[PDB]
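S.K.: Sharing a structure below in structure tokens format, with a few things to ask.
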Amino acid sequence: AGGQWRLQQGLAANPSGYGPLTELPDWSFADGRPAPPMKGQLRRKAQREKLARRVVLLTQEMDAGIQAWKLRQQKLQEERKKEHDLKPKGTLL
Amino acid sequence: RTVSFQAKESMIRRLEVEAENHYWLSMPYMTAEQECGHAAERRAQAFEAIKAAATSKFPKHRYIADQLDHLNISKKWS
Amino acid sequence: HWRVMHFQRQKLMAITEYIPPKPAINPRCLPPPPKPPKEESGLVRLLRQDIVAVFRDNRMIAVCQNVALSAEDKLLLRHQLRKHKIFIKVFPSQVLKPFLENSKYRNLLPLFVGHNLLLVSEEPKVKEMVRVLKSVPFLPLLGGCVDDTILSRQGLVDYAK
Amino acid sequence: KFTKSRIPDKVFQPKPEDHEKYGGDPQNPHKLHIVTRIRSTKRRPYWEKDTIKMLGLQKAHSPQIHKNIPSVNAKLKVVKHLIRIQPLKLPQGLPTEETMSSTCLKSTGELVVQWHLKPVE
RNA sequence: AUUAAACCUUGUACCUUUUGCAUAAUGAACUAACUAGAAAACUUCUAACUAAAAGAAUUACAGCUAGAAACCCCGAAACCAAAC
RNA sequence: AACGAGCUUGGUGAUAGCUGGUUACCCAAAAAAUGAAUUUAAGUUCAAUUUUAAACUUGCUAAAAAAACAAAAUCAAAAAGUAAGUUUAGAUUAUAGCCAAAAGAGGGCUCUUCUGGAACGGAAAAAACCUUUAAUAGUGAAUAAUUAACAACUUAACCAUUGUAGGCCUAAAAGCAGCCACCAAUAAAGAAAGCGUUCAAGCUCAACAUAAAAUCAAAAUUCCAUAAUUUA
RNA sequence: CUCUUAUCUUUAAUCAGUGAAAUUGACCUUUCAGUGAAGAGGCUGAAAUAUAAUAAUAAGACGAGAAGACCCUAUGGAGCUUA
RNA sequence: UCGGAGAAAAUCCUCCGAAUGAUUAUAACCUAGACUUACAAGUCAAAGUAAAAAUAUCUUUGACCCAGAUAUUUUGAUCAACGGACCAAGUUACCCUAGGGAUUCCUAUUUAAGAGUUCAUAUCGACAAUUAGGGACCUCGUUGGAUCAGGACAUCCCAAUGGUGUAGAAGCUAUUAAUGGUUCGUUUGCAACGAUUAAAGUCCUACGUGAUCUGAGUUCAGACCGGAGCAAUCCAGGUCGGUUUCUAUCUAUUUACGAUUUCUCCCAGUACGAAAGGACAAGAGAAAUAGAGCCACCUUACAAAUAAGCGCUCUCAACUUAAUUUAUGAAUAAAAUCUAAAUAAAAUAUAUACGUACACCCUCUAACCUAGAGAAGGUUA
Ligand SMILES: [Mg+2]
Ligand SMILES: [Mg+2]
Ligand SMILES: [Mg+2]
Ligand SMILES: [Mg+2]
Ligand SMILES: [Mg+2]
Ligand SMILES: [Mg+2]
Ligand SMILES: [Mg+2]
Ligand SMILES: [Mg+2]
Ligand SMILES: [Mg+2]
Ligand SMILES: [Mg+2]
Ligand SMILES: [Mg+2]
Ligand SMILES: [Mg+2]
Ligand SMILES: [Mg+2]
Ligand SMILES: [Mg+2]
Ligand SMILES: [Mg+2]
Ligand SMILES: [Mg+2]
Ligand SMILES: [Mg+2]
Ligand SMILES: [Mg+2]
Ligand SMILES: [Mg+2]
Ligand SMILES: [Mg+2]
Ligand SMILES: [Mg+2]
Ligand SMILES: [Mg+2]
Ligand SMILES: [Mg+2]
Ligand SMILES: [Mg+2]
Ligand SMILES: [Mg+2]
Ligand SMILES: [Mg+2]
Ligand SMILES: [Mg+2]
Ligand SMILES: [Mg+2]
């Protein structure tokens, strides 16, 4: 229940997805010392960072790719506009 | 077999999701020409990793300590 | 012989069924579209002239109800009236209304209702009309105008004398 | 005979109303796809099975980032019916080395670079 | 599962086969004991010594020597020889 | 004491391409029932698959033009998404499928080609349809498929006279046996539309007048969940 | 036989003594309709339903036993006859 | 076995040929790379060398072993079951083992040319309609009876009705209804026949039903004819003879009902009808069968005080409903209309509202009993 409504609000459809309820720490020592990070959170942090790096890599390759094609066209344009030697005519050349 | 009301809606919902999929596949960021070669280096390195592992198979080292450590099975308090 | 369709195909048919557009208000419940200009058929215009002609030609117009008497017996009345040079005219009432609405005769509209016959002549043989009326007892007379004067049956009887 | 299908090109030519409905500009197209598998490849032909593994969509409801380039799009069109394609959006820009560990992909399709788990205030 | 043995809920015995299917068809009253994979030509692994290895006869253009590693049980109608 | 050929011992642990059986745990991979030959189709050998180990390098998806055809596969530049592939050494088992959906060919079966399937959920029970990436412990959560579905609308008042029983074999056929053309009067009426016909007279419809409306609709044991038309 | 009956004996049944056989996966062993291989005590859906003996019936448990019947197979036999 | 051709890469799919010869300028050796192919076998070929001074041109098949012929080189298969055993046929019902199996015209609707003197639909009815239901060649593919029946209605009789080419009476056709009933013989492989009946229905229930019984076949061991075969034997050809047993473990079952039909009489020889002929309904009495009982008589027994039928007696009501027919009455201006309008009625077979029966509350040493297997039950001055 409530999956679609949660999606409209920008939340995860499943309350067990991304949010304070799951991602926040579940306990800490009475003295106040923070608890060791939960294994699920550590895994989830690892996967999220792995996806973040992939986003950077693909964009750079595509952005670097278009610039390569851009400068290549200039060379083709320059190659066409070239000539050498001279152009005599008439009865001798 | 008359088709149920719930059955009809669930198909329509899926069709709308696929209908949107049409829209997002209609605007390629790069053209076919621009694509050529932009990922050549990464592909080249990836295969080298594949080959290196494949051609690196060899037996493992053997140590004297493994064989001699068996004598510890008869270790005792004097 | 119909062959059963795969359920997935049957689902496809159900969702792709034609849906008609639905108006918010029924056209019948809405006010009726105004009538376009009508066309006069070649029955009213020609008959209109006939109504004009009979009024112009005949000074006296007296009205009597149609008796639904056998046409074999209408003939003898027509023949008897023809011998007295008095003619019979019958016309559709509805096309007779517009002229009777706007004409020299406008109080005869109640008379010109239902099946009727018209007593038309050029001479006021009004006394003889009763004699022709007396020939067939059951036929009544409703009234009309004699010599351009509108009067009822009882007044006509006094006028006849 | 059940065989691989070639879609007429008109399907992938959008209409002006489509841009308004989905809110995507025909210019400045998005760069990266967010693709999730939402159906099973069981009871589907083997060629559809192959592409799903090539694209990394073996697990359902787990998003994969892909390039919005024609070659990738060709594979996606093969399995269009088994997936949901959502444009990746970067409200706060690309993640940097500092923010690479603080990202989060929202259901809206937006990759935020700062994730606090605190009331917006 | 339950406070509660039974009530409530879930649940088409086993083996063998049949097309990968059991409401099929075989087999089983139950207990105890007995009751069915065995060989080294080539290959692989582990060592000795090495242009040589092997305690005689054999192999050898890195080989040769040794070790370890393997291939079921019950059942016909019959046939033949000699006795009764 | 079961002779188409006695009985006992031995050959003998006869042989059986046939039936039956073939004893601990855990992990991993996995064909297909295809082609070929066979006194071969209840079997076997080879190919093909699968598999273990090793060597080193491209494989899979895709694949423009372009040829080959006639006017969707074969081939496979560049790329891209991806991680498999080739070769050497060793090795069995297998070599009868089943059902659904497409295309054909013999004519519902029977074959050939292509795709999918083997729930612990659903379709009532349900190998084969649909939802379903493995395996776990938890008195958490979001979802998938999901046998149900919401009888029928120009014709209503009145009248019907006459040229003429009109040419015609027809006894006779006069609107209406027959055949013939197919105009007259009448404000209003067919040289007649269905009836009736010894034949005709005869029953109405259309004529005139007055008269109101307005295309199809989703058998045999004993019934078999109970029920229910509206709360967003 | 129409059309069966009566009586007596054997058997039966109760009591006393002795005491087998085929058979048997386990059973806490129901009816109806559906499903399914012509097929259901055990599956689906309805229904019925304190627990146990004794004596009877034979619809079902493809009821239990035989060296039965029919057809096909094996590079299994055997008897007989020949050209 | 192989080759050619269509379907087109399937087929018991449809055709033509070959186990070739002719023709000759005679057509070597050697050798890259390929085709085809499980294996085996089968194809194409550059370069080089050598003969000559263009290839052979038409367009296929048989392995190994083993035998031949020669001066090295050659030849041997309807081995056609054509991957080829060096050389072997029938028959078995006298049989055995190992297994695998099985056990077109109806009928109902739609249409309606023609039949019906006239007149489509009283009764029928071409051409058709219905996703409407049911039943290579010559040869040949379990069911009777007995017992007891359960069920369907697509009704044979009994009952209620519409129509008629229904005067009456006989008939024909339709609707509703499953109520109880639906015989005894002759012929004997069933197919007709005789005599009756109110009628002698059509079907489902693994021939409904062989652990209830029984006949024939399936069908054999014996034996004959007729035919086939040299014979042994054979025949989906005749005939005669010919042995399957079961003690019930489980489920299921084992204690009441309120009736059906025919005939005679009366109505009445009336109604109807020219006559001939000839009825309804209402009423009365008889039988038959079925069910339930009984023993005064009769009859048969125990040559018992009882049991039996061949003897005797008793059997009934319908709240509510289908086809159909009336009354009032709107939609629909009627002195219309039986109403999937509101209404009032009549009208099959069914059945259980409604009654009969049962109810009681339990002494029992024992004896006796018209109660009974046991137990239970009844009786006791
Ligand atoms: Mg068997
Ligand atoms: Mg003996
Ligand atoms: Mg053996
Ligand atoms: Mg065999
Ligand atoms: Mg052979
Ligand atoms: Mg490539
Ligand atoms: Mg449901
Ligand atoms: Mg005893
Ligand atoms: Mg019990
Ligand atoms: Mg019980
Ligand atoms: Mg049943
Ligand atoms: Mg049950
Ligand atoms: Mg008993
Ligand atoms: Mg029984
Ligand atoms: Mg049996
Ligand atoms: Mg064989
Ligand atoms: Mg070869
Ligand atoms: Mg050459
Ligand atoms: Mg052969
Ligand atoms: Mg052969
Ligand atoms: Mg061959
Ligand atoms: Mg004999
Ligand atoms: Mg009966
Ligand atoms: Mg009926
Ligand atoms: Mg029986
Ligand atoms: Mg005898
Ligand atoms: Mg018995
Ligand atoms: Mg009477």
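Just so we're on the same page: first chain in the structure tokens is A, next is B, and so on; residues restart at 1 for each chain, and ligands are numbered from 1 in the order they show up.
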If you count only C-alpha atoms (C1' of nucleotides) and all ligand atoms, which residues end up within 10 Å of ligand 1, as a ChimeraX atom specification?
M.R.: /E:25-26 /H:100-103
S.K.: To check your reading of the model: which residues sit at most 12 Å from ligand 8 when counting only C-alpha atoms (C1' of nucleotides) and all ligand atoms? Write the answer as a list in words.
M.R.: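 So, counting only C-alpha atoms (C1' of nucleotides) and all ligand atoms, the residues near ligand 8 are residues 14, 15, 16, 17, 18 and 19 of chain G.
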S.K.: Could you tell me, counting only C-alpha atoms (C1' of nucleotides) and all ligand atoms, which protein and nucleic acid residues lie no more than 9 Å from ligand 25, written as a list in words?
M.R.: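 Those residues are residues 58 and 59 of chain G; 209, 210, 211 and 212 of chain H.
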S.K.: Using only C-alpha atoms (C1' of nucleotides), which residues sit within 10 Å of residue 82 (chain D) once same-chain residues fewer than 5 positions away are excluded, as a list in words?
M.R.: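 My reading of the contact set: residues 14, 17 and 18 of chain B; 36, 37, 38, 39, 40, 41, 44, 48, 52, 57, 60, 76 and 77 of chain D.
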S.K.: Kindly work out which residues sit at most 10 Å from ligand 9, using only C-alpha atoms (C1' of nucleotides) and all ligand atoms, and give the list as a PyMOL selection string.
M.R.: chain G and resi 28-29+51-52
S.K.: Pick out the chain A residues within 12 Å of chain B. Count only C-alpha atoms. Give them as a list in words.
M.R.: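 Contact residues on the first chain: residues 57, 58, 59, 60, 61, 62, 63, 64, 65, 66, 67, 68, 69, 70, 71, 72 and 73 of chain A.
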S.K.: Please produce a file of those selected residues containing N, CA, C and O atoms, as a short mmCIF file (atom, residue, chain, number, x, y, z; two decimals), in the first residue's frame.
M.R.:
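Result went into result-v7.cif, see below:
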```
data_model
loop_
_atom_site.label_atom_id
_atom_site.label_comp_id
_atom_site.auth_asym_id
_atom_site.auth_seq_id
_atom_site.Cartn_x
_atom_site.Cartn_y
_atom_site.Cartn_z
N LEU A 57 32.40 8.28 -15.48
CA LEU A 57 33.23 7.70 -16.53
C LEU A 57 32.54 7.76 -17.89
O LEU A 57 33.16 8.16 -18.89
N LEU A 58 31.27 7.37 -17.95
CA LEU A 58 30.58 7.34 -19.24
C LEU A 58 30.43 8.74 -19.83
O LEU A 58 30.60 8.93 -21.04
N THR A 59 30.11 9.73 -18.99
CA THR A 59 29.98 11.09 -19.49
C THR A 59 31.29 11.60 -20.06
O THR A 59 31.32 12.23 -21.13
N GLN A 60 32.40 11.35 -19.36
CA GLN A 60 33.70 11.80 -19.85
C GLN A 60 34.03 11.17 -21.20
O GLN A 60 34.52 11.84 -22.10
N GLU A 61 33.76 9.87 -21.35
CA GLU A 61 34.03 9.20 -22.61
C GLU A 61 33.19 9.80 -23.74
O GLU A 61 33.69 10.03 -24.84
N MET A 62 31.90 10.04 -23.47
CA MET A 62 31.05 10.64 -24.49
C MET A 62 31.47 12.07 -24.78
O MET A 62 31.58 12.47 -25.95
N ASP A 63 31.70 12.86 -23.73
CA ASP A 63 32.13 14.24 -23.94
C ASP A 63 33.50 14.30 -24.59
O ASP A 63 33.73 15.12 -25.49
N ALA A 64 34.43 13.46 -24.15
CA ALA A 64 35.71 13.36 -24.84
C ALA A 64 35.54 12.84 -26.26
O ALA A 64 36.31 13.19 -27.15
N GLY A 65 34.53 11.99 -26.48
CA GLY A 65 34.33 11.43 -27.81
C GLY A 65 33.87 12.46 -28.82
O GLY A 65 34.32 12.46 -29.96
N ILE A 66 32.95 13.35 -28.42
CA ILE A 66 32.44 14.34 -29.35
C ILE A 66 33.52 15.35 -29.71
O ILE A 66 33.62 15.80 -30.85
N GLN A 67 34.36 15.72 -28.73
CA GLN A 67 35.45 16.64 -29.02
C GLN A 67 36.44 16.03 -30.00
O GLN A 67 36.99 16.74 -30.85
N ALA A 68 36.68 14.72 -29.91
CA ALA A 68 37.57 14.06 -30.86
C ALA A 68 37.00 14.14 -32.26
O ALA A 68 37.71 14.47 -33.22
N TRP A 69 35.71 13.83 -32.41
CA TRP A 69 35.06 13.95 -33.71
C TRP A 69 35.04 15.39 -34.19
O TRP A 69 35.13 15.66 -35.39
N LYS A 70 34.93 16.34 -33.26
CA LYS A 70 34.91 17.75 -33.63
C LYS A 70 36.23 18.17 -34.27
O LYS A 70 36.24 18.76 -35.36
N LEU A 71 37.35 17.87 -33.61
CA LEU A 71 38.64 18.27 -34.16
C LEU A 71 38.99 17.47 -35.41
O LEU A 71 39.71 17.98 -36.28
N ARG A 72 38.49 16.24 -35.52
CA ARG A 72 38.75 15.45 -36.72
C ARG A 72 38.16 16.12 -37.95
O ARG A 72 38.77 16.13 -39.02
N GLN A 73 36.95 16.67 -37.82
CA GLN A 73 36.31 17.32 -38.96
C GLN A 73 37.12 18.50 -39.45
O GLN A 73 37.21 18.74 -40.66
#
```
S.K.: From a DSSP calculation on the backbone, collect every residue of chain B in alpha helix (DSSP H) and output the set as a ChimeraX atom specification.
M.R.: /B:5-24,32-35,40-54,64-69
S.K.: Please report the interatomic distance between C1' of residue 346 (chain H) and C1' of residue 317 (chain H) in Å with one decimal.
M.R.: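 Those two atoms sit 21.1 Å apart.
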S.K.: What does the structure give for the distance between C1' of residue 13 (chain E) and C1' of residue 23 (chain F), in Å to one decimal?
M.R.: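 Those two atoms sit 22.8 Å apart.
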S.K.: Can you tell me which residues sit at most 10 Å away from ligand 20, counting only C-alpha atoms (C1' of nucleotides) and all ligand atoms, written as a PDB file with C-alpha atoms (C1' of nucleotides), in the first residue's frame?
M.R.:
```pdb
ATOM      1  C1'   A F  37      25.811 -46.913 -41.079  1.00  0.00           C
ATOM      2  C1'   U F  38      24.128 -51.542 -39.241  1.00  0.00           C
ATOM      3  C1'   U F  40      19.514 -52.156 -37.917  1.00  0.00           C
TER       4        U F  40
ATOM      5  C1'   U H   1      21.128 -49.147 -54.055  1.00  0.00           C
ATOM      6  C1'   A H  81      18.952 -57.702 -48.389  1.00  0.00           C
ATOM      7  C1'   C H  82      23.185 -53.023 -53.364  1.00  0.00           C
ATOM      8  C1'   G H  83      28.579 -51.028 -45.838  1.00  0.00           C
ATOM      9  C1'   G H  84      28.417 -56.832 -48.964  1.00  0.00           C
TER      10        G H  84
END
```
